[PDB]
Amino acid sequence: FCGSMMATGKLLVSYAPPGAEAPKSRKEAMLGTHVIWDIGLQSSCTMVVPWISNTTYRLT
Amino acid sequence: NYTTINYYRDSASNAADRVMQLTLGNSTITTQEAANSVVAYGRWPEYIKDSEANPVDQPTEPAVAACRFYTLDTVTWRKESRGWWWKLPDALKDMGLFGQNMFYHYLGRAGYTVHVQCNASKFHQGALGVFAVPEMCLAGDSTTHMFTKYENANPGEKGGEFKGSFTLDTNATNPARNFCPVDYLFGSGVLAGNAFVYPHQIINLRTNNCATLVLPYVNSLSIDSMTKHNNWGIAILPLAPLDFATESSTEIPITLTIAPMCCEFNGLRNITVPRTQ
Amino acid sequence: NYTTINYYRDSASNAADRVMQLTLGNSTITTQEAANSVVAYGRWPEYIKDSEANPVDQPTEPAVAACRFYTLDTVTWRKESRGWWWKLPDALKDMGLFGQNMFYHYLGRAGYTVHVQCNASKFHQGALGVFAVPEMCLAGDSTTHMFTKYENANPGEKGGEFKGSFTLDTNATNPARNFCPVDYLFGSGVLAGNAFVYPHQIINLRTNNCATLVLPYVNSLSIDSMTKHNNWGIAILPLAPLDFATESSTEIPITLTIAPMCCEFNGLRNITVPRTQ
């Protein structure tokens with residue numbers, strides 16, 4: 001987050017494994033993997049997308 | 001003796017019986033005229049092991065909420081019936097909390113207990129082959145290869161019927177894009193008589209009223225998408241046609257009861273709403 | 001000294017802090033401005049013990065499938081808001097597999113984690129009392145006692161609002177048969193200022209953004225019908241009215257996230273479809 005120190009907010013970063021419709025709203029997105037990021041003294045947040053695949057490898 | 005030495009790093013470069021009771025959750029099945037029960041490939045369904053887990057997020061295991069018997073729509077066996085097929089987990093997509101977990105998660109895995117029920121008197125004739133086919137791919141009805149659409153490939157609990165003869169869909173404007181499973185070709189260009197290589201049971205009306213198949217989760221992956229991929233296919237064929245006392249017009253119901261087993265789901269999101277037929 | 005001797009058989013005849021993370025299933029809540037978390041009556045939710053099990057049939061415990069956070073509809077806090085109420089498990093009757101298990105079983109039991117969220121700047125004012133009331137009975141709006149109908153008593157995830165003053169429903173032909181909860185009477189003929197005898201937390205906008213209440217299953221029975229009986233009632237009242245920079249017309253959202261805990265269901269049948277409003 002590269003806003004001012006005086007800015008505050010909460011974001012939701014979501015990963016949806018494939019198969020269903022791509023989430024078009026936060027209500028759909030919160031049903032998948034996700035992290036709620038609080039923007040404060042720490043301006044960075046890491047979301048790990050876990051390895052969730054049917055195949056042992058994915059194509060590039 | 002001979003001597004072998006590998007000159008490369010990658011190893012690829014190297015040279016070459018009758019009375020039974022089944023209780024799952026709050027469901028129970030009693031049988032008195034059973035022909036035993038088959039465990040497909042001798043492997044009982046199980047949960048993913050930590051040594052084979054691809055997804056990292058914690059799975060959900062509904063256990064009894066979803067690991068229970070659901071009864072599908074009954075079909076009718078007549079003299080003219082050619083057979084029926086269902087796809088798993090497709091046949092259970094609208095069955096309690098199992099379908100809910102199926103559509104709320106990106107990845108799903110489950111074995112099955114399939115119980116086919118067909119009771120008839122001691123004056124009836126007929127045999128049903130009940131086959132569990134992994135990756136039960138079915139042939140389409142058009143000159144276009146692999147042209148069957150998702151809606152028809154996933155009929156649901158009703159399943160589909162086999163056909164006596166192959167019919168080609170010539171409607172160019174509005175193609176059916178449906179399956180055309182021929183009974184004697186097993187719907188996949190293979191003679192039905194060889195279908196017994198698959199796990200199976202025969203319901204001979206003089207011997208047994210039911211068949212039970214315990215299908216382990218079979219796939220090239222430890223866990224997959226249940227909405228995209230049907231792990232199993234249940235095919236029922238009349239091996240011996242139904243007959244009764246020469247009265248004719250006789251028809252007896254066949255009921256199918258499937259219990260998913262060891263259900264694991266990963267990748268929770270908003271629910272999937274597939275396009276309908 | 002004195003001497004006591006019982007002359008009867010039946011004994012009745014005898015003489016007389018800020019940073020927190022909550023993970024349930026596939027749901028996680030992070031808070032940085034929390035005022036700690038309250039465990040109602042100091043009792044954590046738990047499963048029925050064999051020493052207290054009334055029903056004999058095996059329960060179903062959906063665990064992560066239902067023991068997860070569901071977020072209700074957000075309400076708006078204004079200067080004129082009098083407060084809101086929800087009923088548990090009623091507020092979760094349409095929430096994933098929890099509601100499915102709730103309506104497929106005759107008996108259900110669950111504790112709760114209630115997380116009320118209300119963020120405002122450092123230039124806002126206001127306090128919210130968040131109260132967990134066992135058996136939160138509310139007063140009706142008619143001269144007929146106990147006349148509130150089922151549809152209004154179970155609004156669902158939207159809940160209801162408190163009222164500034166009591167209004168009597170005089171419509172004889174088509175009575176509303178709705179609640180009339182007066183904010184200062186706490187909706188039950190008791191002064192709201194004493195409502196703090198119940199488990200509670202205050203969200204003071206200068207101190208905290210959220211409240212967390214861990215409600216154990218509280219009832220005169222070990223397990224009951226979730227469709228008939230609401231174990232808990234969540235009441236939110238503005239203790240201090242919302243104010244901001246004299247701009248006026250300010251309104252901030254209040255979001256409610258409830259996770260059922262230690263869910264147990266008994267008496268599986270066909271699903272219950274309650275009559276709708």
Side-chain angles (χ1 to χ4, degrees), chain A residues 1 7-14 26 29-48, chain B residues 57-58 268, chain C residues 17-46 63-64 66-72 74-75 77 86 88 91-92 95 98 110-122 124 126-132 196 198-217 232 234-236 239 252-263:
Chain A
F1 180 78
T8 70
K10 289 161 195 289
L11 306 185
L12 184 140
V13 190
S14 177
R26 187 189 63 171
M30 44 135 292
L31 299 173
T33 298
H34 70 268
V35 185
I36 291 156
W37 172 19
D38 179 50
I39 291 159
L41 199 72
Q42 302 258 259
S43 60
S44 304
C45 179
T46 300
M47 184 188 68
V48 178
Chain B
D57 76 331
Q58 174 64 4
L268 181 63
Chain C
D17 41 311
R18 298 175 54 82
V19 190
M20 197 175 62
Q21 172 168 326
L22 314 177
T23 300
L24 301 173
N26 56 342
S27 55
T28 306
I29 301 178
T30 62
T31 184
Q32 299 188 69
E33 211 185 315
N36 209 339
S37 60
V38 175
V39 181
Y41 308 117
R43 288 282 295 277
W44 204 264
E46 53 194 2
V64 296
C67 291
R68 59 178 309 282
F69 286 104
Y70 308 93
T71 303
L72 309 191
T74 290
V75 301
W77 183 10
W86 299 263
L88 286 175
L92 299 175
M95 287 295 176
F98 175 86
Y112 302 94
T113 302
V114 174
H115 189 63
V116 180
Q117 297 135 99
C118 185
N119 57 271
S121 57
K122 293 185 177 297
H124 279 87
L128 291 170
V130 184
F131 309 96
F196 297 80
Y198 302 118
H200 66 279
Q201 277 206 317
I202 310 185
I203 303 180
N204 196 351
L205 294 182
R206 67 178 279 112
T207 302
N208 57 329
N209 288 334
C210 57
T212 294
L213 308 92
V214 170
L215 313 179
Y217 179 76
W232 284 95
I234 302 301
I236 300 179
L239 309 176
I252 65 177
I254 304 175
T255 298
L256 196 60
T257 307
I258 308 179
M261 311 173 67
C262 301
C263 300

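Order of the sequence lines sets the chain letters (A, B, ...), proteins ahead of strands, with each chain counted from 1.
Here the side chains of C:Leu239 and C:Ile202 are in contact, with some heavy-atom distance below 4.5 Å. Here the side chains of A:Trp37 and A:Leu12 are not in contact, with every heavy-atom distance at 4.5 Å or above. Taking the side chain as every heavy atom from C-beta outward, C:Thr31 and C:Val19 never approach each other to under 4.5 Å. Counting heavy atoms from C-beta on, the side chains of A:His34 and A:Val13 never come closer than 4.5 Å. Side-chain contact between C:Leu24 and C:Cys67 is absent, with no heavy-atom pair separated by less than 4.5 Å. At least one side-chain heavy atom of C:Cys118 sits less than 4.5 Å from a side-chain heavy atom of C:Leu205. No side-chain heavy atom of C:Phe69 sits less than 4.5 Å from a side-chain heavy atom of C:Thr23. Looking only at side-chain heavy atoms (C-beta outward), C:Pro260 and C:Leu92 come within less than 4.5 Å of each other.
Between the side chain of C:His124 and the main chain of C:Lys122, no donor-acceptor pair closer than 3.5 Å is present. Panel note: side chain C:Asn119, backbone C:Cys210; no donor-acceptor pair is recorded below 3.5 Å. A donor-acceptor pair under 3.5 Å links the side-chain atoms of C:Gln201 to the main chain of C:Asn36, judged by distance alone. A donor-acceptor pair under 3.5 Å links the side-chain atoms of C:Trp232 to the main chain of C:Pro216, judged by distance alone.
Closest approach of C:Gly111 and C:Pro45 over heavy atoms only: CA-CB, 4.0 Å. When every heavy atom of C:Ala127 is checked against every heavy atom of C:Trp77, the shortest pair comes out as N-CH2, 3.6 Å. Between C:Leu72 and C:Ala91 the shortest heavy-atom distance is CD2-O, 3.7 Å. Closest non-hydrogen pair, C:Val130 versus C:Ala211, comes out as CG2-CB, 4.4 Å. C:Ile252 and C:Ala120 get closest at one heavy-atom pair: CD1-CB, 3.8 Å.
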Does the side-chain contact (heavy atoms from CB on, under 4.5 Å) test come out yes or no for C:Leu88 and C:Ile234, once each step is laid out? CA-CA 8 Å; C:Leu88 286 175; C:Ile234 302 301; 4.1 Å; yes

Would you sort out whether C:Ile254 and C:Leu128 count as a side-chain contact (heavy atoms from CB on, under 4.5 Å), showing the intermediate values? CA-CA 10 Å; C:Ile254 304 175; C:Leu128 291 170; 3.4 Å; yes

Tell me, with the steps shown, if A:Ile36 and A:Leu11 meet side-chain contact (heavy atoms from CB on, under 4.5 Å). CA-CA 6 Å; A:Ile36 291 156; A:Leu11 306 185; over 6 Å; no

Given side-chain contact (heavy atoms from CB on, under 4.5 Å), test C:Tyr70 with C:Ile258 step by step and report yes or no. CA-CA 5 Å; C:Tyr70 308 93; C:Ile258 308 179; 6.0 Å; no

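Atoms SG and CZ, from A:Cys45 and A:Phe1 in turn, are 13.0 Å apart once rounded to the nearest 0.5 Å. Rounded to the nearest 0.5 Å, atoms OG (C:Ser37) and NE2 (C:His115) are 10.0 Å apart. Atom OG1 of residue C:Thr113 and atom CG of residue C:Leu215 lie 7.5 Å apart, to the nearest 0.5 angstrom. Remark: C:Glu33 CD to C:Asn204 CG distance equals 10.0 Å, nearest 0.5 Å.
Residues C:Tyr217 and C:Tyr112 place their aromatic rings such that the two centres sit no closer than 6.0 Å.
For the side-chain contact (heavy atoms from CB on, under 4.5 Å) test with C:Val114, the passing option among C:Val38, C:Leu213, C:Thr212 is C:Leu213; the others fail.
One side chain, C:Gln117 or C:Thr257, offers a donor N or O that lies under 3.5 Å from an acceptor on the other.
Around the CD atom of A:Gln42, the shell of radius 6.0 Å holds no more than 12 heavy atoms that belong to other residues, nucleotides or ligands.
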